[PDB]
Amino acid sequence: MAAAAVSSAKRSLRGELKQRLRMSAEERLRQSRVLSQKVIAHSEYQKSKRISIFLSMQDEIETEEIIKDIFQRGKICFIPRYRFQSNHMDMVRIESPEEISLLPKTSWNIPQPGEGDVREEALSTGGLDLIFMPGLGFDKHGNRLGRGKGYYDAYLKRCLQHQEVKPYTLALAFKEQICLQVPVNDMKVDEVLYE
């Protein structure tokens, strides 16, 4: 009941956000070109070695450029591999940016290793230093509006376990994706980039 009114808020906020989003492609690119640079000069990106980063859908900052800089700097790159049955996902390691273009894709047309593909899972080899966080919306207070399936909230809690120190969670967002207040229940992000 109290949870219901919370899900209503989220639902509404998601709609509006997806409205404000679905932003010409060139604008989408401009804003990404800026966040990229802000990332490249970021202390926690510079310092971190094992990185988790997502493959951008059209209503999301484009991380293509960031991924290229990840490999140039001998960082261990990881990308999500989610399962549609539940709310489960592992960060699986990719060896080169070219590999992204061979991988299969999900119903969301998001690229990830298939079933038979045995991947090095981040938490099997030391967890993650930095996780780039996707999301429909964020507020300056740090909260996140996820896509509703609870994939990242669940994964971060798994990290907390495996890892002595928790990963630095870096949210990349459009000016458009930034909200006054976002309804919440579970996990905040250390930082949100934009502007």
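Just count from 1 along the sequence shown to find any residue number.
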{"property": "Unmodelled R22 in at least one third of other entries with both flanks present", "result": "yes"}
{"property": "Gap size, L13 back to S12 (deposited sequence, no coordinates)", "result": "none"}
{"property": "162 to 170 versus 49 to 57 - which carries the larger mean C-alpha B factor in the record", "result": "162 to 170"}
{"property": "Mean Cα B-factor comparison, 74 to 82 or 107 to 115, giving the higher one as deposited", "result": "107 to 115"}
{"property": "B-factor third for the C-alpha atom of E65 within its chain", "result": "middle"}
{"property": "Among modelled residues of the same chain, the CA temperature factor third for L130", "result": "lowest"}
{"property": "Ranked against its chain, the third holding the CA B-factor of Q31", "result": "middle"}
